[PDB]
């Protein structure tokens with residue numbers, strides 16, 4: 001005996017033969033989850049560690065001006081902007097909020113590819129080189145190469 005019988009009836013009218021088949025799941029190279037860790041758990045802003053800190057890294061604090069290298073691709077793959085070094089005030093929205101958060105989520109020395117909705121990038125804002133289309137999903141690769149402490153002014157409560 002093979003399998004336990006769980007099939008009742010014969011033909012309810014239709015049958016549907018092997019007519020249209022284009023759903024064949026064959027093993028594809030590069031197993032990527034596609035949907036990574038969403039920074040806000042909102043679905044639009046996700047950070048993927050290419051490398052997550054080679055040495056005994058440290059995550060810069062908001063306030064420290066950190067050097068990021070970003071080269072940003074469009075959701076189709078078109079890299080619209082490249083900048084080998086951008087030093088900005090973390091947490092002070094000195095950048096795109098996607099990045100401003102991704103850095104604290106990044107350890108020093110790592111390179112994270114973040115896909116963030118243009119709304120966290122340059123949706124109705126537009127990017128320096130290309131005015132990035134609104135709510136277009138930006139995929140930016142940021143190298144946190146350096147972090148330096150330069151924030152000791154003011155306070156908030």
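With ideal geometry, Cβ positions are generated from the backbone for all residues, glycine too; neighbour counts draw on all protein chains shown. FYI, it's all coordinate maths here, none of it is from the lab.
At 25 °C and 0.890 mPa s, grab the translational diffusion coefficient of the chain from Stokes-Einstein with a Kirkwood Rh over Cα pairs, rounded to a whole number in µm² per second.
Stokes-Einstein gives a translational diffusion coefficient of 134 µm²/s.
Taking 7 Å along the Cα-to-C-beta vector as the label spot, tell me the residue 28-residue 50 distance in nanometres, rounded to one decimal.
Taking the simple label geometry, residue 28 and residue 50 are separated by 2.1 nm.
Between residue 135 and residue 156, what is the FRET efficiency for a Förster distance of 25 Å, r being their Cβ-Cβ separation, to the nearest 0.05?
Rounded to the nearest 0.05, the efficiency is 0.25.
Quickly estimate the mean residue ellipticity at 222 nm for the chain, helices only: each DSSP H run with n ≥ 4 gives -39500 (n - 2.57), and the total goes over all residues, rounded to 500.
Calculated mean residue ellipticity at 222 nm is -1000 deg cm²/dmol.
Go ahead and run the numbers for FRET between residue 125 and residue 89, Cβ-Cβ distance against an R0 of 22 Å, rounding to 0.05.
Calculated value: 0.80.
Would you mind ranking 59, 46, 128, 17 so that the residue whose beta carbon has the fewest other beta carbons within 10 Å leads the list?
17, 128, 59, 46
For the pair residue 105 and residue 79, what calculated FRET efficiency results from E = 1/(1 + (r/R0)^6), where r is the Cβ-Cβ distance and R0 = 25 Å, to the nearest 0.05?
That pair, residue 79 with residue 105, gives E of 0.70.
To make sure I understand, if each residue's beta carbon is the centre and we count other beta carbons within 10 Å, what order do 39, 96 fall in, fewest to most?
39, 96
Taking neighbour Cβ counts within 10 Å as the exposure measure, how do 26, 141 sort from fewest upward?
Ascending number of Cβ neighbours within 10 Å: 26, 141.
Let me have the relative contact order for the range 71-157, percent, based on Cα pairs under 8 Å that are six or more residues apart.
Computed value for the range 71-157: 30 percent relative contact order.
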